[PDB]
Every structure is written in structure tokens, then in C-alpha cells.
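Colleague: Could you have a look at this structure, given as C-alpha cells, before my questions?
Chains as they are written, first to last, in the deposited numbering: chain A, 372 to 423; chain B, 3 to 160; chain C, 3 to 150; chain D, 3 to 150; chain E, 107 to 265; chain F, 54 to 371; chain G, 355 to 405; chain H, 355 to 405; chain I, 10 to 53.
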């Protein structure tokens, strides 16, 4: 029961919702995106700098 | 500046010459007390027809004090004092004169012109907006907003 | 800052100088009880035309007293006092002045301004409801209710 | 020559013979102070309904003095004096006269005709501008701008 | 109007916290953090280490900031025989795709980290448990150290 | 517009704050007419004035030259970024590549970047190019025609002799701010300029700071605009810099008030618009880049959407 | 067309006149015209309408 | 057509009359005509309209 | 200072290389309404 839409940006889908909670004549919009991350093997990457 | 209630009351007495600085006989303190009391009753009633104009009331149920700051702009004192005088004349068994009435009316009109409203009534809400306004799918706006009730899922009837 | 019957009655008597500090006269006990019971009766009558305004009545078999709390709002004091003065002056057979009449009328108008209703007449009851509202066919919602 | 306060009060007290140069009368500090305060408050309220005329108000928490410059142009002196006289006549239990009323009204109208301004009705803002104005040369001049 | 600069904010925050996640979970380290990147070996050592460990199935990568790349492009302009390389470096200041056996990339959106105050000769006091039965699920372990400063908050930051 | 995000494990943002729509505007104004007027007598036209068209040919060239000079003055007065020091001329390749690298790191994406340099710097760049080792075509072109490629160091470089010259103006003493300025976005969002007073200048010098001078704030840093991260040129962070708009003079006590273009926005109630690492508090160290009274022709670098020029058409007279 | 009324004639009663086209009021309130002495000189109707 | 009013009749209200065709006011305010003594002699309507 | 053009001034933008380089293949459509809030892969 809330107006919504979807936006695409470099393969990412963002859910936008619009409502008017409260009688303050103030509209509200929200954007939503949820991510998931995994580390397969810590011994296959890291940081690097230069050496003198 | 301060524009004290006692100053307003003394102004009201002076413009009808009940008692002034250049007078051999003066009024007793309780007369000023009743004048200030009537001033505050009149101003409290003035929250209906003329509307709030910035008067400061006594908070914490204290008796009115003549030397307290009213909190009104100086551009209102003649109107307030004239309206106070018209209410207070009978107590002194005296009647108003045409010049005083005209001055009171002029000052009251001057006060009134500073508190206009012009409500500027709205559009209905089922009035269609033209096809040339380029309405969209998401923001609605195909029809003008109206009262726009805020309906909750709970409390369905009301 | 609550109002009292004694305070309201005294205001009316001072307003026409029947009894006031400006004059050297002092309140006579007989005038005050008359003011109190006249005020109570006038409020009982007012319970119809101006409408209820928050007056607190005296519990049965108990006479009202000047020290009793009236319960009226502060803003109605001038209106009530002026009406009391107008229905009081006949006791001493005085005649109201044009300024007193004008002040009483102004106070009455100001009091009545805060009690308007504008009942906003409703629909009929057999008036058809259009197809733009997308009514529910089974329900009896093709027409306006138009009742209590 | 500059115009200061106090002389306006003296003008008001002289034009109705309260305290004139040749009337075998004298001025009083009470009258001077009352006139000065009345002038200050009257200009304060004149700030809204008639147009501002350039009056110079006293600095905060300082009493006005008769020697302080008013700042008014010399033309408005008669109007200001007549209005102040009408606003302070009732202090002495006196009543004005038709000739004084006519003079005050005429001078007030003379003051009004100088500060009078007539606004011009702007066009709506969605009113089309014709092809004869050659709006194609410009980008967003197809319609009238309206008002800010 | 709001649609354009909100997806950019979403993506930027996502990538910043992803960079934080990678620098918090990565294990290997190379070189001294003080010294910036200046020469060819500074980039080649990453590929050399990755090959030395023994990883083959996969595809290696490296990411560097804008200022560092110009320093390498400037180094490339000083080559002696590669006309194509010297021309590209002189004109467009662009390093090739494969630099030193690893793909070098240039990015300006990259998180930064503060070291965190530390002082004193540190050493381990208790033997930790690093058995495969214990660490066969997370490759993480808890260890205790001595020889630190008296009492400081944030002795070791994240990363 | 710019915005800020929220983080919540489930999405419940009932008790948090929402971004507001603070919008700013940039203003543009017209200048003054450029007019070239001549007159002659009828007798002069009859008996003496011949080849009038060839006589009057260069008026359009003069008009365009004046327009270009004014545009260059405006650009150098309104620029804010700064690289290098005036004490050293352009000699190397990094000296030009640094502009492209700085513009890329700052966050400029749209349009095409440009750099403009004087013929002597173009000659020195060609001289440096002649020392290449593998690109025979470029070496031959530089050795013969003394030219440079259109793209140079990743940025498009141009050579012009129409640039203007500026003067530094005498200055000295350990300059530092005296009063904390106001850098709130709601206050500085209209013109991107702010006024500040300094302390520690010379006793009484007229023309203490001239238009086009550049002042750098030592202990504050630039910020990557989109990622809100600091900028580091290796191990030396980049410091905030700004440009003076109009002339200033110093009174007794070493106090000088100056208006600067480009602003260090650090707003606490709207962090979303920050463009600097930290606030500029009282007593911060500032310095003026250049020399006491050096005069030179400044090289320029800019983006496509830095400044804009238009030529308003004029209507005919009756 | 717009009605024209005095200031004190409609002061305090503006909300009922503002919403006369959306709601369905049974009537509309308005005051009389009173001079400086409080006497009634004109009715409760609006003074006039714009042409 | 242009309405005709008085200086003292419309003083202090010009802004509400300047935009009666842009906004949608519920009413238009105007004062009455008073002589030198302060008595009302005419209504709040404009005196007339130009031909 | 009254009329406003309908085109916004350009702004600043960052770049995306980390998301494009990291592995976006193994974990793709496995966190559904059935598996729950976490899912695990095997080790060699």
C-alpha cells in the first residue's frame, strides 16, 4: 500500500518508496539497497606499499 | 520599550483627564489595580475577534502587577488605551464625547489593518489538472491535492 | 486565576457605580446575595440559547455562595458581567447609558463568535454514487447513507 | 532650516489658544512632556497605516527631548501638528471646531497625495506572448515571467 | 532531479565499505607503509609474491591512486626502445593493461586508515590454539600480547 | 544536490534525521560595452579618404582582442586551484602532467580539461621532448618544427601569446588568521566567497595584497568531493588554497581584511557539503605563494565548465 | 467576480467563507456595519461585488 | 474598465488589490467613506467604474 | 537573479573498479527466502 519504483545503476537495483506520513504536508522518499559479502580465503590478498 | 500595564492604565486615565501629573487630586492605588485587572480581562477576551497580538499573560496564578512588562509593540498603545478608556468611563460616572469616539475608531482601524488574513481559498481536489502540466506515474499529481486525510490501517471507520 | 461568583457580581456593581472604590460607597450585604442568586438564575436560563459555557451549578438543596468557584473561563467574564448589569439595573431603577449598551453588545458578540456551529448540511440518502468511486457491488454502497 | 520636536507641540498648543504667544498665558512642563510623548506614540502608529515620512525615533532606553531633531520635511509640519492637536484636545476637556476640522482634513489630504502610490497590475504569468515579439530568438521567453 | 545524485551516493558508500571490508580481512602485506609507490619493482613484487605462494586457479589484480600512476607513467617515458610505450606514456600518460605480470588499475575512490598509537616492545605471553579443528571455519584467532603502554584506549586500530 | 546515507540492520529509521533539500544558485552578470568610433569630414571623404575599407579593417580584431584580454583577466581572478610556485618556470613533463592528475583526483568527470601556456614554456617543453629515446616521429617533429602534440601529459595543451600579466604586491611577516570566519554552507552557498582578516603583516603598506594573489592554509587539506576522503600526493597532503579578489591595504598593527574565492565548507549541521578536512580556527598558519614583488605571465589550467562566455546581440536603432 | 466586505464585518469568521465551495454549509455568517457610536447603518449583506 | 476609489479608502490595502486576478481570495477588503467629523456617509463599495 | 535555467551544473563523481573486479559469480541469488541470512561453501 505504498507507491514505489526500482532504479538500476551499474547492475545495482535500488528500491524507492514514497509516502506522506503525518499531516505536516511533508512528503517523504526512501531508497533501499541490501548487500552480502564473503571472504573465501584471507591468504589470497592484502595491502602493499613501496620499499626503500 | 517596556510599555508597562500601569503605564497603559495611566495613559487611559490621562486622555480623559480623570487624574494626571498636573492635577491636585489623584486616584488611589486600588483604582489602578482594577484598571490593570480590567485591562487583562479585555486582552484575554481579545483572543477571539481581533486575535492574539503578542500580549504576555501572568503565568503561575499571580495577581496582576502594574509594573510588569506587557510585551506589546509601541504601535498598539493608543488603540489599547482608547478601548480600555471606553470600558472604564462608566465606573467614574462619565460619558464619551464624539472626538474621543472618532479617535478610538481611527486607532482601532489602524490596528486592524495590521492583522489581515486573506485566506485565499484553495482548489477542490477532484478538479482535473490539464494534460499540459505533464503529470507522471510515480508522483501522481493527475488531480489537485485536497484535504488529504491521513488514513491508518488501524481505526478503519475513523 | 479561577473566577468566583463574588468577583463577577462585584464587577457588575462597580461598573455602574452602585458600589465602588472610586465612589466612597461600600458593598451592602443584601446587594451581594441578590447578585449571586440572580447570576445563578441567569446562567440556568442561558443553558439554552448561548449554549453551555462551563458554568458549575450548585448541588441540590444547597444555596450558591459568593466564595464558590464558578468555573467559568476568564474570557467570558466581561460578557457575563455586562448581561448581569443589564438584568440588574432595574433593581435600583437606573437607566443604562448608550456606551454601556454598546459595550454589552460588543461583549455578547465576542462571546457568540466563539460558539458558531455551521452544521454543514449533509447528503440526501437516495442520491446515486457515481461510477468513479468504484463501489462494491454486493455492499449497499451504491448510494449515500444520509442519516445519523 | 531643520525642524525639531517641541516646536510642533508649541504649534498645537498655540493654534487652539491653550498657551499662545499673545494670549497672556504660559506653557507648562507637564503639557510639553505630554505633547512630546503623544507625538512619539502617534508617529509610531503612523508607521503602518499611512506611509513612512522619515520621522527620527529616540534611541533605546532614552527619553525623548524637545530639542531632538524630528527629521520630518518642513511640508508635513501642519498635518502633523493638526493631527496631534486633535489627538490631545480631549485632555483639557475641550472640543474642537468645524474650521479646525476642515483645516486638519485638508492638510491630511495634502499629506496623503504625496505618499500615494498606485501599483500596476502585472500579467498572470501563463499568458502567451505573440509571434510578433520574435521569441524564437530567445530560449525561455515564450510566456510572460509573471511576478517575483 | 533527486534521482541522479542518490544512486551515486548509494554506490559510493557501498564501494567504500567494501574497501574497508577488504582491507580489514586481507592478510598478506608487503613493503613499508611510509614509502609510496615509485618504481616498477614496487608493482612487480605483488605478482611475484602471489606466484610464490602457489595460487594458479583465479586471476590476479592490483589497485593504485591517481598520483602514483603518473609517477609510473613518468618512469615509463624514460624507456629506451619501446616506441609504442614511450609514445603512449608521453601523450596520454596511460600505463598498459598488464604491468609487471598483474593488472594495474587506477582509482581515486579509496578509503584511508589511521595507524593508532602504540609503543613498547611487544611479545606474546600465552601459547594460542591454531589447530585446524579450531580454525577450520573462520581462519581467525585470538592472541594476547605484553610489553605495551600502561593504559591507552585504541592501542590497535582496525586494519 | 548532495545527500548522506543511514545504516540500520533492519531499516528502522523512525528516530533518525532525514536529509533536507538545500539548493544553491550561481549568478552571472554582464559587463560593459566595447565600442570603437571614428568620424571624418565630408570634404575629407571627398578629396582625401580612399581605400576606407582597408583602412577600417582591423576594428573587429581590436574588439576581439579587448574581449579576450578581459576574459583572461576574469579567469585568472576567479580561479581557485594552485599548483607549483611562481619562482620556477615550466621545464619538465611532470610539471604539466600534475594538472591532469590533480583534476582527475579532485573528481572532475564531465567535459574536457585544458591547459594554456606561453610560447617560451612551449619552447622549453619542445626542448625537453627532443630528448626522447624511442619515438622517432616525435623526436623529428620537435627537432625541426619545435611543436608539441595536441595531447600532452593526459591533458590538452595550448600555446597563446594573448595572456595577461599580473603583479604580486609587497607582503611580509608571519601571517595568521585573527578571527574565526563563517564557512557554513547556508551562509556561503550563494557566491563561494568569504572574507577574512589576518595578523602579523607589515606596519603600514598600501597595496599589501593585489588581485590574483594566492594564499594557502598550511594545516588544512583538500577533500575528495564525492568520497569525502583526504588527498595525499605521496606522503605530503595537499593543502587548501584560495585566490584574492580585490586589492587590500594594511593598517597599524598588521591587520588586513581580504576577500577570497573558493571556500573551505565545514558545516556541522549539514556535513554532506564538506569540502575540507577541518575547520579554519583562529591562529591557523597561512602563507602567500610567490615573491615580494615578482611580476610574471601566469599559465592557466581549467575544466570546460569552469567559466562561461556569451555575446549578447544588440538591436538596431530607429 | 469577488465580494467586497468591511474588515470588522468579517474578522473572526474567515474560515467559513474560505471553504464555502468544498463543504456544504447550511448558511453563512456575517456582521452588520456599525458606526463610531455602535448604531446599525447597513445590513449583514456584503457591500458589493467586483465587476 | 477601471474602478474608482478613495485615497483614504484604499490606503494600506494596495497589495491585496494588485493581485486579485493571480491569487484566489475569498473576499476583498475596503473601508468606508467618512467626513471630517468621523461619520459614515457611504458604503465600502467603490464609487464607480470608468466607462 | 530571478530567472533560473532548467539545466543543473555538473558535479563530482568517483569511479567503480573494486565491484567490477571482485568475484560476483559464486554468491549470486543464493541468499533467498529459503536459505536464511547466511550460506556457506566448502573447502578443498
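The C-beta atom is built at its ideal place from N, Cα and C for all residues, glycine as well.
Quick one: Cα of residue 64 of chain B to Cα of residue 58 of chain B, how far?
Modeller: Locating residue 64 of chain B in the second chain gives position 62, where the first residue counts as 1. Locating residue 58 of chain B in the second chain gives position 56, where the first residue counts as 1. In a straight line, the C-alpha of residue 64 of chain B is about 13 Å away from that of residue 58 of chain B.
Colleague: Below 8 Å CB to CB, which residues in the same chain sit around residue 143 of chain E once its five sequence neighbours on both sides are set aside?
Modeller: Sequence index remark: in the fifth chain, residue 143 of chain E carries index 37 (1-based). Closer than 8 Å at the Cβ level, and outside the excluded window around residue 143 of chain E, lie 149, 170, 174, 177, 178.
Colleague: In chain order, what residues of the same chain have a beta carbon less than 8 Å from the beta carbon of residue 40 of chain B, not counting five sequence neighbours either side?
Modeller: Sequence index remark: in the second chain, residue 40 of chain B carries index 38 (1-based). Closer than 8 Å at Cβ, skipping near neighbours: 86, 89, 90.
Colleague: Thinking residue 206 of chain E and residue 153 of chain E are a contact (beta carbons under 8 Å), I'd like their distance in whole angstroms, please.
Modeller: Here residue 206 of chain E corresponds to residue number 100 of the fifth chain, with the count starting at 1. Here residue 153 of chain E corresponds to residue number 47 of the fifth chain, with the count starting at 1. With a Cβ gap of about 6 Å, residue 206 of chain E and residue 153 of chain E count as contacting.
Colleague: For residue 79 of chain D, write down the residues that DSSP places opposite it in a beta bridge.
Modeller: In the fourth chain, residue 79 of chain D corresponds to position 77, counting from 1. Answer is none; residue 79 of chain D lacks a bridge partner.
Colleague: Based on the DSSP output, what are the partners of residue 211 of chain E in its beta bridges?
Modeller: Numbered from its first residue, the fifth chain carries residue 211 of chain E at position 105. Its beta-bridge partners are E:169.
Colleague: Taking beta-carbon pairs under 9 Å, can you tell me which members of the segment 408 to 419 of chain A lie near chain E?
Modeller: 408, 410, 412, 413, 414, 415, 416, 417, 418, 419
Colleague: Run the CB neighbour count on residue 108 of chain F, radius 10 Å, all protein chains shown included, and call it buried at 16 or more, exposed below.
Modeller: Here residue 108 of chain F refers to the residue found at position 55 of the sixth chain. Residue 108 of chain F comes out exposed.
Colleague: At 4 residues or longer, what runs of the alpha helix (DSSP H) sit wholly inside the segment 66 to 151 of chain B?
Modeller: 79 to 90, 100 to 114
Colleague: Output needed in chain order: residues of the segment 95 to 106 of chain C with a Cβ under 9 Å from some Cβ in chain G.
Modeller: 100, 101, 103, 104, 105
Colleague: If you follow the alpha helix (DSSP H) that residue 16 of chain D is in, where does it begin and where does it stop?
Modeller: Here residue 16 of chain D corresponds to residue number 14 of the fourth chain, with the count starting at 1. Start and end: 9 to 16.
Colleague: Can you tell me the Cβ-Cβ gap for residue 227 of chain E and residue 23 of chain I, rounded? I've got them flagged as a contact below 8 Å.
Modeller: On the fifth chain, residue 227 of chain E is found 121 positions in, with the first residue counted as 1. On the ninth chain, residue 23 of chain I is found 14 positions in, with the first residue counted as 1. Under the criterion of beta carbons closer than 8 Å, residue 227 of chain E and residue 23 of chain I do not qualify as touching, at roughly 42 Å.
Colleague: Assuming residue 386 of chain A is part of the beta strand (DSSP E), what are its boundary residues?
Modeller: Taking the first residue of the first chain as 1, we reach residue 386 of chain A at position 15. Here the beta strand (DSSP E) through residue 386 of chain A covers 383 to 390.
Colleague: Please determine, among F:371, F:272, F:366, F:351, the residue with the shortest C-alpha to C-alpha distance to residue 137 of chain F.
Modeller: Position 84 of the sixth chain, counted from the first residue, corresponds to residue 137 of chain F. The shortest C-alpha separation from residue 137 of chain F is found at F:351.
Colleague: Note down, in chain order, every chain C residue with its Cβ under 9 Å from the Cβ of residue 50 of chain B.
Modeller: Position 48 of the second chain holds residue 50 of chain B. Close partners of residue 50 of chain B in chain C (Cβ separation under 9 Å): 77, 112, 113, 115, 116.
Colleague: In the structure shown, what three-state DSSP assignment does residue 375 of chain A receive?
Modeller: Counted from its first residue, the first chain places residue 375 of chain A at position 4. The answer is strand: DSSP assigns residue 375 of chain A an E or B state.
Colleague: Would you report the Cα separation of residue 251 of chain F and residue 232 of chain F, rounded to the nearest angstrom?
Modeller: To locate residue 251 of chain F, count along the sixth chain from 1; it is residue 198. To locate residue 232 of chain F, count along the sixth chain from 1; it is residue 179. So the alpha carbons of these two residues sit roughly 8 Å apart.
Colleague: Would you verify that the beta carbon of residue 56 of chain D is, or is not, closer than 8 Å to some beta carbon of chain B?
Modeller: For the purposes of this step, residue 56 of chain D is identified with residue 54 of the fourth chain, where counting begins at 1. Output row for residue 56 of chain D: interface = no.
Colleague: Leaving out the 5 sequence neighbours to the left and right, which residues in its chain are closer than 7 Å to residue 357 of chain H when beta-carbon positions are compared?
Modeller: The sequence position of residue 357 of chain H within the eighth chain is 3, counting from 1. Around residue 357 of chain H: 400, 403.
Colleague: Are the segment 385 to 392 of chain G and the segment 383 to 395 of chain H touching by the rule of at least three beta carbon pairs closer than 8 Å?
Modeller: yes
Colleague: Provide the residue span of the alpha helix (DSSP H) that contains residue 357 of chain G, from first to last.
Modeller: Translated into the one-based positions of the seventh chain, residue 357 of chain G becomes position 3. First-last for residue 357 of chain G: 357 to 359, but that is the beta strand (DSSP E), not the alpha helix (DSSP H).
Colleague: Determine the DSSP secondary structure at residue 304 of chain F, reduced to helix, strand or coil.
Modeller: Residue mapping note: residue 304 of chain F aligns to position 251 of the sixth chain, counting from 1. Three-state DSSP puts residue 304 of chain F in a strand.
Colleague: For residue 417 of chain A, which beta-bridge partners are listed by DSSP?
Modeller: Along the first chain, read from residue 1 onward, the residue named residue 417 of chain A stands at position 46. Paired residues: E:134.
Colleague: Within a Cβ cutoff of 6 Å, which residues of the same chain sit near residue 353 of chain F, ignoring the five residues on either side of it in sequence?
Modeller: On the sixth chain, residue 353 of chain F is found 300 positions in, with the first residue counted as 1. Taken in chain order, the residues that qualify are 169.
Colleague: Quick check: residue 405 of chain G and residue 355 of chain H, are their CB atoms within less than 8 Å of each other?
Modeller: Residue mapping note: residue 405 of chain G aligns to position 51 of the seventh chain, counting from 1. Residue mapping note: residue 355 of chain H aligns to position 1 of the eighth chain, counting from 1. Yes, Cβ-Cβ distance for residue 405 of chain G and residue 355 of chain H is below 8 Å.
Colleague: Quick check on residue 188 of chain F: buried or exposed, where buried means 16 or more other Cβ atoms within 10 Å of its Cβ?
Modeller: For the purposes of this step, residue 188 of chain F is taken as residue 135 along the sixth chain, with counting starting at 1. When all chains shown are included, residue 188 of chain F counts as buried.
Colleague: So which residues on chain H does residue 126 of chain D lean against when the C-beta distance must stay under 8 Å?
Modeller: On the fourth chain, position 124 is the one that residue 126 of chain D refers to. Under the 8 Å cutoff, chain H gives 375, 376.
Colleague: So if I threshold CB-CB distances at 7 Å, which residues from the segment 135 to 158 of chain B count as touching chain A?
Modeller: 140, 152
Colleague: Please look up how many angstroms separate the CB atoms of residue 127 of chain C and residue 149 of chain C, rounded, as I've assumed it's under 8 Å.
Modeller: Here the question's residue 127 of chain C lines up with position 125 in the third chain. Here the question's residue 149 of chain C lines up with position 147 in the third chain. 6 Å between Cβ atoms; contact.
Colleague: Just to confirm my understanding: we take residue 27 of chain D, look at its own chain, exclude 5 residues before and 5 after, and list those with CB closer than 6 Å. What are they?
Modeller: The residue given as residue 27 of chain D occupies position 25 in the fourth chain. Counting only residues of its own chain and dropping the five nearest sequence neighbours on each side, residue 27 of chain D has a CB closer than 6 Å to the CB of 21.
Colleague: Check for me: the alpha helix (DSSP H) holding residue 191 of chain E runs from which residue to which?
Modeller: Against the fifth chain, residue 191 of chain E aligns to sequence position 85. For residue 191 of chain E, the uninterrupted alpha helix (DSSP H) run begins and ends at 189 to 197, by DSSP.
Colleague: Taking all protein chains shown into account, decide if residue 71 of chain D is buried (16 or more other Cβ within 10 angstroms of its Cβ) or exposed.
Modeller: As a position in the fourth chain, residue 71 of chain D is number 69, starting the count at 1. Its Cβ having fewer than 16 others within 10 Å, residue 71 of chain D is exposed.
Colleague: Across the segment 43 to 55 of chain C and the segment 107 to 119 of chain C, are there enough close Cβ pairs to call them in contact, namely three or more that are closer than 8 Å?
Modeller: yes
Colleague: Out of B:99, B:3, B:48, state which residue places its alpha-carbon closest to the alpha-carbon of residue 46 of chain D.
Modeller: Looking up residue 46 of chain D in the fourth chain gives position 44. For residue 46 of chain D, the nearest C-alpha among the options comes from B:3.
Colleague: Is residue 117 of chain D near the ligand SAH, in the sense that its beta carbon is under 7 Å from a heavy atom of that ligand?
Modeller: The ligand SAH is not part of this structure, which contains no ligands at all.
Colleague: Answer yes if the segment 331 to 338 of chain F comes into contact with the segment 231 to 247 of chain F, meaning at least three C-beta pairs across the two stretches below 8 Å, and no otherwise.
Modeller: yes
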